[PDB]
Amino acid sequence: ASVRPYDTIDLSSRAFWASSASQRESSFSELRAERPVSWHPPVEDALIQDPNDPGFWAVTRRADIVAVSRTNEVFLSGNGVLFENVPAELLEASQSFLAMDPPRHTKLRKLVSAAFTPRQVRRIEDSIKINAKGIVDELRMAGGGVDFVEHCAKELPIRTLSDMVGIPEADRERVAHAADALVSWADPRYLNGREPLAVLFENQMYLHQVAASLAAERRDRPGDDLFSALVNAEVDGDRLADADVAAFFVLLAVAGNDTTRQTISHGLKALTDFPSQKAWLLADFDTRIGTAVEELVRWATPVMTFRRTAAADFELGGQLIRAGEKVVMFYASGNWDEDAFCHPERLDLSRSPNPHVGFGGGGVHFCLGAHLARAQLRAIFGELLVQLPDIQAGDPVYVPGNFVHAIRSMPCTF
């Protein structure tokens, strides 16, 4: 029946998700301490209001986030993974195997998983380094005071993504813009008065146009790339339908662009806010970039929320989650868990171990592009230190929303 008192702490209002991350942490802190698994009403003023939705369970502790992520046989992804209620047509055209359970998730992920192994990322790491060098070079020619997001943070992800999938150059900047749009539906500075559902469809429609054109191109002459193997594979005795192919292209475009782009912006600001941490990394880069990248991901946590649906009754945090109830993981709360980290509010690029859940709590849906993301962050931050040793981030403009911890724009000086 899902009938129980709602928690006192507000995790659903628009104003809560339009406030600073520090303000939200004071709410996450009390929950982590007193009621780590709490019941809340659905996200207010959602893209679609669902009378079938009684609420959700808030999972704030890192250990519990790992428990939900790894126990996928109980906490399913096949009934949706987004925190806010989103119209089904928009979900069906974007989620792909992210919102899928085995065995179908195992089938589809296997078709593209070969291009993300550490071996294959090492094979293409030089091209990422070459793109990072030219991007920082072009940023230097732009001069100080320019927007770091548009002139750097968004450039390396789309170049790395498009090089793997084979996106035509004329479509590269529009795909990056369309991918960023699909997580900015709560940003008035992005909508600019437009109703969000129409903006989401328009950008989804364009990405499906690029997907249909690339799928038809690769079915004629297949290549060694990621999209070639997907559109030419035989799944259950037949090639994948156009809807499945386009949905994965959206998933790949959004996850491959938005997450790394925000981590780069958050990383430059973190290096500016902690100069002694930047000097520590610079003093021995090749030996220390590994743990530094892991903490920059922990510091950014670009994916703030992902949800699951309980397949059966499950006891978590002293609370009996019922079958069919929504369970939301708050990765920013888990990465500030005092039960897991020593002073998580301070940037420590030497943090070891770093059991952060920036790539999720681990398990079946663990981030497909984790090795690729790490290679991008190592390359772009090494080039920013090679070419622009005095670079500093300005005032960031944070994007309101309950899904991605995003910076709309941020000037930089050097």
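The numbering used is simple: start at 1 and walk along the sequence shown.
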Taking only the CA atoms, which stretch has the higher mean B-factor in the record, 154-162 or 176-184?
154-162
Tell me which stretch, 316-324 or 250-258, has the higher mean Cα B-factor listed in the entry.
316-324
Looking at the C-alpha B-factor values in the deposited entry, which of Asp286, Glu84, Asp244, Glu295 comes out highest?
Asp286
If I read the C-alpha B-factors straight from the PDB entry, which of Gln49, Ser352, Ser69, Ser38 is highest?
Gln49
Rank-wise, by C-alpha B-factor, drop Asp64 into the lowest, middle or highest third of its chain.
lowest
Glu73 CA temperature factor, ranked by third within the chain
middle
Classify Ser228 as lowest, middle or highest third according to the C-alpha B-factor given in the PDB entry, relative to its own chain.
highest
Can you tell me whether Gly358 has a C-alpha B-factor in the lowest, middle or highest third compared with the other modelled residues of the same chain?
lowest
Ranked C-alpha temperature factor of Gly55 among modelled chain residues, by third:
middle
